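Written below as structure tokens is the structure these notes are about.
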Amino acid sequence: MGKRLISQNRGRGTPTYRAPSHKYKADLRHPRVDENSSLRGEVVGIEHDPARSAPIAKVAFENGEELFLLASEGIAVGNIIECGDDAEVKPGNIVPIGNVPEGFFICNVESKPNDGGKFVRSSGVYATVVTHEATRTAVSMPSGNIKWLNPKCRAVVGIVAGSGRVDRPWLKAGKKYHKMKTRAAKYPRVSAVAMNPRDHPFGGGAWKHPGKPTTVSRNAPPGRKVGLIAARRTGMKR
RNA sequence: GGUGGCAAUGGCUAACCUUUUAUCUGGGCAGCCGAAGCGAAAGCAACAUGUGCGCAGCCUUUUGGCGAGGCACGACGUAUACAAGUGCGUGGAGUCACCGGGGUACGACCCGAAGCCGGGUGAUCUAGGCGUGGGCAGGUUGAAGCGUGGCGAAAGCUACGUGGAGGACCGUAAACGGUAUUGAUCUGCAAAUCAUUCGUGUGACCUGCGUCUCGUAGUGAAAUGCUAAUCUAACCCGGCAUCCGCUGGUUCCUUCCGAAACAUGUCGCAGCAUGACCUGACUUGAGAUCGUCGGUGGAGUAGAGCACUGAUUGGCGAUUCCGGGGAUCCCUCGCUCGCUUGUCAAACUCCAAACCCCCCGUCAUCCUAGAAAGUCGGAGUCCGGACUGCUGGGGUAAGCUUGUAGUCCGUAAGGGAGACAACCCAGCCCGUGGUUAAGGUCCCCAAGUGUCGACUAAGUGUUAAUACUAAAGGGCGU
RNA sequence: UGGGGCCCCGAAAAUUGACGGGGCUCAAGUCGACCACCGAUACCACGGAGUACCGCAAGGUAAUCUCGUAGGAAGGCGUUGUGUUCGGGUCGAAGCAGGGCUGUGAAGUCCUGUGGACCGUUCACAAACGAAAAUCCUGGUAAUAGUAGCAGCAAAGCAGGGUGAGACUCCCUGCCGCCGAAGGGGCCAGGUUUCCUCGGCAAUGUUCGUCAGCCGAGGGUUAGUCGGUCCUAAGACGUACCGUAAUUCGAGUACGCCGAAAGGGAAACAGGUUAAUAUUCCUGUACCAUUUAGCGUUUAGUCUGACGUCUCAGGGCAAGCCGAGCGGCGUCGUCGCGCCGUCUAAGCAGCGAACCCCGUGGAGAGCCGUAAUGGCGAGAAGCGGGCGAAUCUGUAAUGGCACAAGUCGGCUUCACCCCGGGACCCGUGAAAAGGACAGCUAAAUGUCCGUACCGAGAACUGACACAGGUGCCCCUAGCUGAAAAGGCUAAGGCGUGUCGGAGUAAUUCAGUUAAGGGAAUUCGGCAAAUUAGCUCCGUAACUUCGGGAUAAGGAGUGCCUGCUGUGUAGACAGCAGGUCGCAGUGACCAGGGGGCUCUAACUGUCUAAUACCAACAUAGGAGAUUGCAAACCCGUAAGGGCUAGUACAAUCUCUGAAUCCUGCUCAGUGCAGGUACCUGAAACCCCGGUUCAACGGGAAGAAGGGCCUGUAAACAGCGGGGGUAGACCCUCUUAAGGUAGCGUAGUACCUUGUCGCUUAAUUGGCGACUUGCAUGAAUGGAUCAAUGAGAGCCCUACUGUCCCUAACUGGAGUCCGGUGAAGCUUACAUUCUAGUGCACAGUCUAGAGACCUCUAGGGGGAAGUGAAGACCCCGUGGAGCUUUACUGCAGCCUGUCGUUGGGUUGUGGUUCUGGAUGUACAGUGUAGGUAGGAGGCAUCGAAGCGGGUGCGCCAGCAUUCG
RNA sequence: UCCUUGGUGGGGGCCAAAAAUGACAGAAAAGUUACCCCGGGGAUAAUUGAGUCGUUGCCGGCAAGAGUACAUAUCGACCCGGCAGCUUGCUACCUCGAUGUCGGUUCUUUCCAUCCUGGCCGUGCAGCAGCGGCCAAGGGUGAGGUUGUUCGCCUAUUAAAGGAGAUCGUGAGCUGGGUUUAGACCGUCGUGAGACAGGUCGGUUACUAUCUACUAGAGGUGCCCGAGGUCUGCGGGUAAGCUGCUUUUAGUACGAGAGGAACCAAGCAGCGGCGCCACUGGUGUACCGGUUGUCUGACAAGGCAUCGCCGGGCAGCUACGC
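Counting from 1, one number per residue, gives the positions in the first sequence under the authors' numbering.
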């Protein structure tokens, strides 16, 4: 048994690959709201989120609950965030995406209604509302795909704060090391051709090279799905 | 196999009971083997001797007779299903023990690895993640930002001060690391340390304590590195007395005999089986052939030869042929075919030995104190080597390699060659005496300064064989 | 002239050697013959043993018997025990040492001594039954050998006097020394009595020992305040649920519970006392918590606990320093200096710097601040107030000090305390208990555990009294100096772990110096040497504009006298003059530099114990999957990692900073998409078979495959020969035929390729050329400032690297006292030459040498020792790894069945009503199915007609609207 | 013939034929290891050793001929016969319970097939100087650049800068550059792991001497009137030195000139050997002085810092001196 790969170690869940969950502030999700209800809260602080490297807003709601929310661009302390079917379509409010006009920018989008917010959550970029239909609403993702979601799916109006974070080059190994200290990801990473054959399919040889094509079938079992997984194509665009 | 019990109206019991404490006595017929074989099966189913030879033994006129056992036939059962031939079987000897040998399976004469697998142990070391602490002498450099001032029409350009950034610089025997000396040490202070010299030394930094991640798993800035002096799969115990054709060992005496290192098959080539060869016993009962001489047969090797197959050298004579050279093919002429010369052959033979082989007779030797033959028990052995021949084959040759006949060493003493596995005498129970073999006789060293006739002047030589001994050529040396 | 014998030339090898050696010449050589003798275990003779065969025996025969490995066969000896026969022994059994006799022998018996209670023997039977070997095992014990070691630690001791049987080694005094930012002080983990006292010295201590961490006996650890205990952290454990064939196994959830002697935290100090404990006992002076009783009560939910890195201001302070007085000690050749001390806890009371806040104020052709950033009509300066520190002041005062003084000032102040500012993000830097906000008084209570001592060059760990390692300190005094570097000294701890020694030779480990030369040494400047601090001047190519840089290259530097400037000060900077030495960073400390290349961008990581590299990583660049009930991955499952995440994200790969770039090839393999057609298992269905099935076919057809398309920053490839001043049309092209670059390379076999510089000379380096055996673009190409314990070459300086060694220093060695191992070993052994021999002999053969013993010395030989060769082969021995080797198994894709229900339609017949609708030719009439081969109905029904209700040839049967 | 009996469908068997195992007396079967492990083997390879000598080095016989003529001053074709074992092969006898692998360095020794030095002979030898051969192994045979090199090339001296053997002498002497481990790069192979008598960077050299041998120093015993002194010399060893330059002979012999010798004589030099220390140089941790930092209160006198450092230096030892 040529040793298990890094992916198999991560699946095992050893401490080297676990997230430092104690370092994080909150599990950011939309406040739970009953059917046909609303709640208003005020932003009391803008804090740094170590799990995202983006700002988060601390919000005190009317019901006595203090909650961390994914902060949108321009959200400020003292702002009144409303969450409900009747909420004003304004930056920071939590409204169903059926009430958002086409061409509007949303973020923290629920995959299903009441899900808490799944899509469009990293620092800076957004989703666009494209079309509206009776049971379906279409949004262009940051990927470029079109996602048809329930119009009752909730989302905060605006973009995620922290745009341009990756614009500054890392410039330095330790610069990225300090970011990797707060995440589960292993840093740094050894190239597979630098390993021995027992450690990777690409390892070994008198000279560094994979020895086999790097595009691997989608049917390959765990321990073999390495390189370019089910690649539609390869190379730089012609 | 040796010794026994019983014996075709066969042998023995197993479990078990009888124990009165494992014995023992008497029971115990279930079963097994024998008693009928052949055939896949269905199935069918044989000699209580028809004949001959003949050992022992007996009788006998010493040549014959009877002749158990034995041998050879004949006959019959069944399968081959048509037939014919043939196979197996058939005229009652087995069975159960004790003491032995041997095969097979089991740890299987004893020890000897790496490994494979099960369940457990380990992150006090080391690697990495996390929590919470500690640490980094003293200096250097001087980013942005800010103040003031210059040069400019502005655009803008620019000096100094302040400021204190950086996986920045120097540097501590703080800490961490480990370059070079390939220094010390190298049964050490130390199962890797010491001295000097070096790299990092505000950061991907070092480090305490705590905690987590581990065996086909972990960890790894990736070397197959590290995971408790153990890492290309840790350690403990278990499978396990693993297995091996491979290595090592295997313990008292005498006596009798005494090999094979070879063939065929083998995933066989360091092994094994079968056979040859050794050994023991029994059966049988009259011949056998290691040697000689003569004869009937086989020769196709040596040698010889050119008569076949092919080579091969000139001379001579012809092919008015097939062909090389400068219009009547105007004439020059190599091969081809013969008579003579000169040479040849593993795979040529008109010839043709000596050895040798089969058979017959003969002598010779052995043999009823058991020929030849048969049956059974036990093996070892299939690494060989050498000398003398075969111009053995191959090779430039080889103390090379591979054959063959004999004999040796192996397993062979003693005597002699300086010593010498296998070269000479000789095969050798113990003691004594004598005479010899090989070889030697100037001394070492037992016996010749032996005899005769010559040669050698070179210390040549003083060397049977042997791989341990120098050639071609020349010499008015003798 | 030919044929012959012997000899000569031809004829050269390596330690001194071989006719066996001496030697030998009408021979002691050769040739032809001969004579006598010597000389085996052969042969003969005698005697004896065994063997084979025969014989009833007695005995007979053997020229035709007597070697022997593997191996077969026969008979015996011995050990221990069993049955059985017969015995021996305290008047001395077994065993043991030595000896006699017998037997071929295995062995038996006896004698002497020793020993003190058991032992044999006949015939048989058994076995845990016989040893010289296994790098055999266990135990004991040699040679080595009185040898190595008791030497870097680190200057290590000496004198005098004691103690004692005994003294280098134990005690005291003095002198001389070591460490002195650790070798001192405190303490974690760990140790576990090593701590203290007394008495010892058999062992331990690397010597001795009276000493001791050793031996024996006794003693020693005192807590409301110091820790644990309490809280929670990463993260464990328990119960429940669920899984699992099951569990002591398993993830998650819920509830609990633990998890820090360095995180948080209620509170105590000074002095004394013992031989050893002391914030613990005693004295004095305090403080905290609950509980009880009384006196009063919420402000309630906030704050605190509670936080990173770097940098800086202000204030304070332990330590430190200076001057005066006082009290001791030292010195005193002269002087009057030097050293020590000159003390004082918590608690209690008092003040309060900065920040912040409150009231006034009104500030701009701008004002106020800071070290710095800054602040301001959204309200500056100024003026009042509140809140609020370290520390300081008093008290605690009649404690300890020689009841000796004990009183004052000043400076500085880290590395400690308080407070405030700024910068960075890239880790945004914990939680909970507890505390505060309403408590005051008085009594009682405050349990349990630890507490000695070491904390390391002797108390831990590494087997050790081990030169390593082990938490470290938020521990460390004076001078020099930037300094905690180095040197010299305090305090404190030590002389603690073998001595002596006469030149103490040679040699060796580590150092000092070295004429002239200066890398000629060597693979190579390895090693050593040079330089070195600070100040000032000055600083190149190149460059990514940051740097290179301390580049390079120059000058100064000590002491004394008198001063100047900055600053509140500490101090710092500078000046003038005088002056000594070979030398002024005088010791200590402390870069050598430059030029040309390769390579990697850089800092970093690594083979703990041979590889610190160009390898790994890195930032940067590119590609791929995935919209989250995702991609990818773990688990048998329950359920998980990534994930308290969401494309700017995670995961999977390649390349490897910047700069200029990254060309052509999709034939092969891979990947993705498409599936028109072909192939494609099972189930269902159909046919046949089967009294039923098995079975044989058919249909349909998923995934997959064939097949088509795309894709090279996927794996990869980018080629042969000949006509033309080696270009160009063709080729060979079974996809294409090397673009930019680079090139004898870290790739170039030929090869020491050719030329130029570098040298006297260069298989070298660099540059150019390049016919590239076999360069080339993210299998990344070229190039590159800076960086580098990387790899080469050159220049300079330097030198014992060398020419070529010498002297000296300390430690070993040598000699002496004490202590005291280990490793090679079948035996013998004073060897040397040659030959022989398994062809590499101290032992064989023939010679030559050699009197023995001891000491020192370097290593020729003992094919020296260490070690079942790691190179090679073999073994139907292993292990890992690879793959289009064989065979499988997981994972994944897909069909079918179950889970799995209800509706709507589209597809096959399931099942049957209204007609028997049936008709080449003509029909009066439709075969009214094949039919009693003929025979029943009817105005209470039999037809010529409408689109003719079944049907059809606008006919005609059934009587229906007529 | 098919399990109680009979039958059906379907099986099993007997004899024969066909289908193949070519590794053909019949397994269904690809690699790699330098990350390797284990058991053995000198039954079998790298290396030294033994044999052989094709090959290599050095020769010989006959002399074909060349040499203005003339085989033999010089060269030596064709063929033939050898020696050595120093090149490379062949072989597998010894060693796989290890005989440490190349090259260099240090030190010793041997061979002659002689490079120089000594003595000779021939010459197509006038002299100078060559060419060829014979004897001769006493001495010498060096210094440097590249390369790990052996070998080879090159440089300047030199009388010449010969070759070879000693386990390709010499790792219980040294070195570690090369080759021969584990890491890594480049190129080429291979799909790959990996490989390359291709290149490149890096990469642990253990031991206290038992015996023997040698170098030196002692104690004995033997020999011997007891002791002492002085000698002899059986023997052993030696390189009881080797070799250049210059002057002279002599600008002579010789030669037409150019050029240009020899005997004898002298001095000097290189290397070697032996000894010595007046001179000169080094060292000189005896000693003397200067001075930095610090301590002993200052001065003086002292300690320490490598002898603190720096300067000088007698004796002694030494060579770079004699």
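Idealized CB from N, CA, C, for every residue including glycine.
Boundaries of the alpha helix (DSSP H) in which residue i is found, first to last residue
i	result
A173	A173 to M180
6 angstroms CB neighbourhood of residue i in its chain, flanking five on each side removed
i	result
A26	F68
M180	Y187
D199	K3
Closest Cα partner of residue i within the set the options
i	options	result
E66	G74, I56, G174 and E73	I56
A60	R52, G103 and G45	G45
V125	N93, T131, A194 and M141	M141
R12	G223, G235 and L228	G223
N93	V100, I81 and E102	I81
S143	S122, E133, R218 and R154	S122
Residue i burial status per 10 Å Cβ neighbour count (16 or more: buried)
i	result
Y177	exposed
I159	buried
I97	buried
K58	buried
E47	exposed
Residue interval of the beta strand (DSSP E) (run including residue i)
i	result
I6	It is not in any beta strand (DSSP E) - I6 instead sits in the alpha helix (DSSP H) that spans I6 to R12.
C153	Unbroken run through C153: none, as it is neither H nor E.
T128	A127 to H132
residue 253	The structure shown does not extend to residue 253, since the chain is modelled only from 1 to 238, so the question has no answer here.
Cβ neighbours of residue i in the same chain (closer than 7 angstroms, five flanking residues each side left out)
i	result
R18	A184
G78	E42 and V43
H209	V193
Identified DSSP bridge partners for residue i
i	result
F68	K58
Contact set for residue i: own chain, Cβ-Cβ below 8 angstroms, skip 5 residues either direction
i	result
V89	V95, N99, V100, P101, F104 and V157
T135	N150 and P151
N63	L39
Closer than 7 angstroms: residue i CB and nearest the ligand SAM heavy atom
i	result
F202	With respect to the ligand SAM, the structure shown offers nothing to examine, as it has no ligands at all.
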